[PDB]
Amino acid sequence: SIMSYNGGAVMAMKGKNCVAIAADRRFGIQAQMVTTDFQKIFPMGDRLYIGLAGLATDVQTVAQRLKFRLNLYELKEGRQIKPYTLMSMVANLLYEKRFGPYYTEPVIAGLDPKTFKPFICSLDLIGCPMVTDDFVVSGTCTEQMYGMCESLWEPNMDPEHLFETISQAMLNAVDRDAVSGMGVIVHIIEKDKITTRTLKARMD
Amino acid sequence: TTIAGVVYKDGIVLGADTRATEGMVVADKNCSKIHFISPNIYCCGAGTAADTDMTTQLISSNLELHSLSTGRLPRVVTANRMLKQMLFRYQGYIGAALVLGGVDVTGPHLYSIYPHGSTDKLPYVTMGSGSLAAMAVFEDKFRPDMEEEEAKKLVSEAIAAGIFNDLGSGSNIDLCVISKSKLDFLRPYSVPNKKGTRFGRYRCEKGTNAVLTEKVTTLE
Amino acid sequence: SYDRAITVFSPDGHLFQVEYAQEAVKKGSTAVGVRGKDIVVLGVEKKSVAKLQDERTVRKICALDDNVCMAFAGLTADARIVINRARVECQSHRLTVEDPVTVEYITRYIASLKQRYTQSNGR
Amino acid sequence: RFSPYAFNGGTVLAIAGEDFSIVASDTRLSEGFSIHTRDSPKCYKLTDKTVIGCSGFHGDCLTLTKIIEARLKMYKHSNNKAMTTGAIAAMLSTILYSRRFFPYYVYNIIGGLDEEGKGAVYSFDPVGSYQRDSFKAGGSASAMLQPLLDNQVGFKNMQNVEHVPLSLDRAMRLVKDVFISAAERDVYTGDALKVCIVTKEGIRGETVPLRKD
Amino acid sequence: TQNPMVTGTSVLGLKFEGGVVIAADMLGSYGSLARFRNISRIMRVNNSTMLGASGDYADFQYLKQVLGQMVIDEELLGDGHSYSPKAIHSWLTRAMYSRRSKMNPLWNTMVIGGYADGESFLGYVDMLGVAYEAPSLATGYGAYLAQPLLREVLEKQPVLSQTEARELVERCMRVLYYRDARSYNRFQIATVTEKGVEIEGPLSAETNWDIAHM
Amino acid sequence: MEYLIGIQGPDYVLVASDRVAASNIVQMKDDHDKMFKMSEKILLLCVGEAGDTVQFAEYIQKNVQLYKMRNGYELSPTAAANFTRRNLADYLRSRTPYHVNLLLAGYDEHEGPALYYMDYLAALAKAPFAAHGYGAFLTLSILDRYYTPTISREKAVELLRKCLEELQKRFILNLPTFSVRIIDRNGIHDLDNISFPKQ
Amino acid sequence: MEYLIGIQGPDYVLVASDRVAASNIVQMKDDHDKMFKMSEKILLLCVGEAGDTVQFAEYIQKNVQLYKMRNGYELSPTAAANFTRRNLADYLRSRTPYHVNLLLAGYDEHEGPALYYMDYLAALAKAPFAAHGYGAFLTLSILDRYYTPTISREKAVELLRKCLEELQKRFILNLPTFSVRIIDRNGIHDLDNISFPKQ
Amino acid sequence: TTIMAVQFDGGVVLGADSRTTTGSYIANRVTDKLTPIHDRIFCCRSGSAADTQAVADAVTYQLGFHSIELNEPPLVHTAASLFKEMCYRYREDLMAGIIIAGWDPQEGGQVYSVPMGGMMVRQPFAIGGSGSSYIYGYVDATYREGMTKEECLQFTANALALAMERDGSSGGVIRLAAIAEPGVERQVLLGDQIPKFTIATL
Amino acid sequence: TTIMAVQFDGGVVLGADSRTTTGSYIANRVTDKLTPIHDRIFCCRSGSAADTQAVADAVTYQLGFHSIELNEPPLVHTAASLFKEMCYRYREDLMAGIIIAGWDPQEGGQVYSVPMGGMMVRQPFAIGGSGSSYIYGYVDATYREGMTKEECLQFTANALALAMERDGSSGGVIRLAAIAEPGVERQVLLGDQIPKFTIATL
Amino acid sequence: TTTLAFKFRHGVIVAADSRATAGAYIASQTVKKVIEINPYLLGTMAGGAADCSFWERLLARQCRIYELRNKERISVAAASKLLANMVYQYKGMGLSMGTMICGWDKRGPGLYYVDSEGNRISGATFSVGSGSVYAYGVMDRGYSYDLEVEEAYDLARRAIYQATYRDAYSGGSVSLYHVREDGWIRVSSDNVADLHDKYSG
């Protein structure tokens, strides 16, 4: 109930040498839409992104506190954080509030620095990490996203096939959820470039 | 979740399923539930997954400090004592249910640890939602001083019973064999379930998705 | 709880109780209705004038509603029962339908009540 | 306390074609975290042109299927003809609303042929609100199956893709694949899949194994 | 019946080549107390059908009375028709569902075993009116402790002889004694075959306690 | 919450009611009549639970009109008020209770004007003036302050306007228009609506 | 319930708020200012739980003015909105939570006009127009229907008047007067109150 | 759970069942509920397993340190007092009924009951746990003064067997411990070694 | 309340305490809980006094009319069946645990338990009421097949005395009734006649 | 859910969305929320879909019986009164129905709001459902009694579209009906996506 207060949906998907992360764009309070360009996907590096679903206040708070800790980390160590290290840092941040939890479920998509091996993971609200090799979902329409991703995902997709797969999964999943949608943003992370797209979507 | 453990004549066999469900939906098909404590001590976990991971990580860290300080191999009793004191002080709020198995200078030891801080030292234990099916297998077929292969077959059978009769268990069987001379982390040990073969081909083609805006950032 | 069949068919196809009720009607004082272009007129004979009777109490013409009235011939007390039932029906029709009854509606109701009393046990 | 309902799991799916209808269901009967049985189809043949799939509380499913069979026989006795699919749907709506305050906890999907020989699917909610659809999923995995049916049968969110009529073989493939995907993620969907195909030739039955966990 | 007073624990059923075997311990528990230790929870319905019940024992006695009277009436008719096990199972489902729909349930879980026309029948009816058929059955904690063993054996061997089925039922009763706090080590085994229904008891499982020295 | 008000003069009764029908936060109707004409000289004003109000008022209306048809003369306002109270009180402890608050305004050729207050518990009181609603808390004191028994109907209308202006000034609810009727020896007369139109 | 509205133009932000302070059924105040001037070009509009609103708004105002005194330059509207959100979010899980709903309107010499929406949970959103209260349900669709990004300030005032007239027509609450302010490169300007005086 | 302790002239006999349940599920059928607190001092535990295990560990720690400091064998009364202080101080958080039994050079064999709530009483014999209600009459009718060690062992075995046959929360094996000046003798009665009482039929 | 009945070769022995409480107040200290249903059929009652009194009166009425109609002495099983039907039909409204004991020419001495809920079982001996929990072990260890009438009377007196000493809801006097073919012999054990079991001290 | 109706010189305009939800899950995007009671009466579906459908089908049955018995079509006020009387018997039993009965009788165009809470009011414009506040906002600004027919169609479509834009529980398609003197006609069914392409672009 609390996690569904603002709605929202985030999804990450693994390609052959690339990752994709997509989110709905609606910010609303219960049934009422407020805006249609709420940011849920934040960059934590050149090739590392975190998407946050759940309470919008906790989305913003956790993104800002993670940016705090990540900036300190990357100043103390003269290197960029690895996706596994970012996942551990996020889990520690969430578990610090074990009994007063932040109401967000993060999704992490990235490429290994200096290795460029795709990494995706999801965490629950108290920071239990789950690394997969195909896809992770988070938000208020995880059942629909699971149907779409389990049906459509294939191993070793090139970035264009990956974009089509994650786009169709997100679009058809949020078309079937009342409090998500109003546009979809997709990031495709390759080793040499990042592609950001907004999909044509239903606005009802 | 089904986790189990037995004491056989040369050591410990731990086993777990690999399914992690969120509600009634399978979230993780390949979840690792057997946790490193020390090179001679391992722990299967059930209950609140975050609690299990954090508690096992904390105890593993403390035991590493202890073994660096003493220069000796950790004892299973020390891990048991630390875990039970930590869990008792939290009065069951940390929801970690543990099967702790190891081989130390005193031999093989197997403990069940409950979230409120009670422990049982037993020759075979099961835990999780599939624990009663695995326990049924154990009570039907356990014998003391089994050989390593016999113990592995028995634990895999108990995990399989949990997998095929408990809705919260499934996917693969993972084993961890511990003796005084070796540690075998068999992941997966068995794969009794596979995704069904696809009879069709969904339409997934380039150009299928309409795009409003596009932005390409080149990385150096 | 009296469940006798009073109106039954005779061997020639007749309902003798209905015929006897008609003979009871034939003994009532004459009533005449004439329907005009802008007016409807009812007129009832008074078989005798007692010269001591309060006229207002023995009127054979009565209003069922604002737009509907009736005269009768036959038994006065049966007429009183029927008139009260029709008045209740007219009010209930004004309630459930937001309009007054047509003359044909209240006529249909009265006729169906009479028919029910020709085909029900104990009356 | 006493709760008169139980959640018994199971998924039903129906797809209407140009000259066929398909009703498919999983065969797992469960309660809580247990499995009562792995052989419990949720599809019932009503007439030679009509099949019903029922999911939810199994006691209600059994009672309702028996009530529907009785009502079909009564209609045949009274009218000297078999009930059409649309009449069955209207009657089921009345039957479900007759318990509006102590409802059958059943999700019903009727697959059949209409009077013109075209495939027809009717979906019902527990109190009898119903509508005709081209395809529909009900039960525990319905939110998993429905978006993919929208994408593949309805061609939603796809551009520059023609709307070729859905043939029987493609529909059968899609049903099998979508149920395998559901068996992956929904703990209640498993064991076996029973598929009933309704054409003018009659009703054909098929069984496809699913994973036993 | 919202509050069951004296209750019976798990009942087991198993089909085999040529019949059905059902097992139930002879305990009537009063909450946690083992108040009644020599009560039979299995009844012969007729020559082809037997029944075992978990849950409220007074409700089971009521059902035994009603079913026995129905069988007597049918035998009085003397017209060559007798209730099949399937008919008994259907009638039980209807009765339980009717009681549930009046919010006055019979607090029982029943296993119906039968052999008719060369065919074995095993049926489950719970107090909500959920009813099904299966090659093996187990109510209560047996569902968690005996049904996995029965299913594993039937998976590697779908068709069992009578001896194998009886041995398997003995092993399951032993497990239930080990792990169910409401069970007792005094049980009955009823078998329905071509020859009819035969109820054996009291019986005990052989128990091992050597792990107490480990 | 809906507003009713009645002021009884020496030879008339003046009544007014708000014309708003509301559901949740939205004014669904802005010309809603809460007055019911039982007879040529009797008005029933009813507020309260949705559905209950119209059902009870139309039941009373049907019975009063039936009385007139049966007997050839009308019920007096006191008899009608008592019949209403008896029916409401009988329904109060039954399976279909009505949650309605009522004013009964009437003129009797012999007893003069009459105004009756009835709460939903079916206590009947005769009052020289009365009001129903949350707005009664804001206007009963004005009526207490300015009312005299000999008040003329134009002074009565002015006093009513004072009460309604106070409702505009202090009441949190938007009640911009009011229906106004007067009963006297010549029957029921509809006065102009008293309205406060927003720019 | 109290009404806030903001409409952001190409080079200005127009804000309006109801002027009613209510307790129970009575309008205690009819000229109540819900706008707080953080700086020369920032307005904070706050509604919500009594006591909480003024305490939180004055705490923010003190901190923004202190920033200006310490540093010699003012906080930008985006920085102020984020400072407000951070403080509200920190208070949300503390022992003294504030139940306040906020609009932050500001003009930045480089970033132009800005309008921010904040619910009591402290989620911060940037919107071209926004509204708070039950009356937002009745006017957000009008804003959706008629707003364009290039809307001039006179057309903005006319659109605001349309929204407030809809509030007069359909909202159950009496909200007769509204305070209106506009922020641009020259600072904050008080426009004439938009009022609907009841007759 | 049924726990019991009996004093005889030169020592004590303690006995327990071995059943640990979670609801109607037996989670441990061979539980050891007789816990050595010191070389000649044992506790029988009933109630929450976590609570009794924690309290017994804490009392073992305190009693061992105290015995080292005093350079003297601990008194059974001292262990009972430590248990009583812990159980009374945390009576709102603990579910623990304890029997403390052992031998002293100063006092001989001693049995103390620390029931839930944290009161402390010395008794010639004590029973506890959920099963103990069923054997109150039996131990009242059977106990006699001056029993030997063997008579005490048989008395404890019989009472525990009767409780285990009636109480659904008790069962498994009977664990017995005889404590005297020479030392501690522990035994397990299992299977046909457990006293048998025929069920009355017909 | 503690009620008990034991079968011996030619009849039955019934026994009860005499305490009726309302909370902790003893409202009746000499209650007669052994109720004749017929010339050779008695019931012991436990639970709500109003419920058991009403049901016993109704069953007495029905059994008397039935016996007059059949011109035959009633069967103990028939009285037990009548009690069972009443207690099962109104199980949601009644709090009644009944023992029905008596003698038949066809069946001899008979004891039936109709506990709360309305089940019916024949037993060699039955106990009931709140005090009965304390003597389950005692009667399990003590009962033996083939006891005479005097042995049964002593067995019942001892068990009732033990329950009365432990159970706060039981006490007063012991009422006993021996039913055989010759008739009914009733007695009251009070004061020093009640079996005594020394409290264990030191 | 958003349904609206308004009277104007050329009749009654009725419009609705088509989305049915079950919590956050959209159960359907193709619900027909305008009930064609008979060739001369329209109703709307807000609240419980089964409740509205069932009780308006009962109303259709009663109206047909009325026409057979009286040789006259039932009036709109009479039909709405029948429905209100039918649902009042179930007050407090949990029925949820908010509907608009629309028609054209001897009294001209007729529009009544009837709900399960017992309300029954005549009016010129009504909007019912979770998205009805947004529809009210757009409709009131655009409404006049003297609209042309095409302007009225556009106003209804626009109001429903804006409601679906703001309300999470409204969406799918907009169905538009026109009640005229000789009966109603189903005007159109336009997907919200096409409406968006026509309004935003």
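A, B, C, D, E, F, G, H, I and J are the chain letters, set down in written order, and residue numbers restart from 1 in every chain.
Here, a residue touches a chain if its C-beta (ideal position, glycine included) is under 8 Å from a C-beta of that chain, and two chains touch if they have at least 3 such contacts.
The chain list, named the UniProt way, goes like this: A = Proteasome subunit beta type-3; B = Proteasome subunit beta type-7; D = Proteasome subunit beta type-1; E = Proteasome subunit beta type-4; F, G = Proteasome subunit beta type-2; H, I = Proteasome subunit beta type-6; J = Proteasome subunit beta type-5.
Least step count on the touch graph, chain C to chain G: 2. In this structure chain F contacts its sequence twin chain G using mostly the same residue numbers, the overlap exceeding half. Every chain gets a centre from its CA atoms, and the centre nearest the mean of all protein CA atoms is that of D.
When the C-beta contacts at C-F and at G-J are tallied, the pair with the greater total is G-J.
Note on chain placement: the centre of chain D and the centre of chain G lie 53 Å apart, centres being C-alpha means.
Averaging Cα coordinates per chain places chain D and chain E 33 Å apart. Chain G and chain H have centres, each the mean of its CA atoms, that are 72 Å apart.
Centroid to centroid, with C-alpha atoms defining each point, chain C and chain I lie 77 Å apart. Looking at chain A, residues 32, 141, 143-144, 146, 151-152, 168, 171, 175-176 sit in touch with two or more other chains. Shared contact sites, meaning residues of chain I that touch two or more other chains, fall at 133, 136.
For chain E, residues that reach two or more other chains under the stated contact definition are 2, 33, 141, 144, 147, 178-179, 211, 214.
Residue ranges on chain J touching chain A, taken from their complex, read 19, 21, 23-26, 130, 164-172, 192-193, 196. Residues of chain I touching chain E in their complex: 88, 91-92, 113, 115-121, 133, 136.
On the chain G side of its complex with chain A, the touching residues are 85-86, 89, 92-93, 117, 119, 121-127, 130, 136-137, 140. Those residues of chain C that touch chain J in the complex are listed here as 96-99, 105. By the touch criterion given at the top, residues 1-2, 4-6, 8, 29, 31, 34, 36-37, 39-40, 57-59, 62-63, 102 of chain D touch chain E in their complex.
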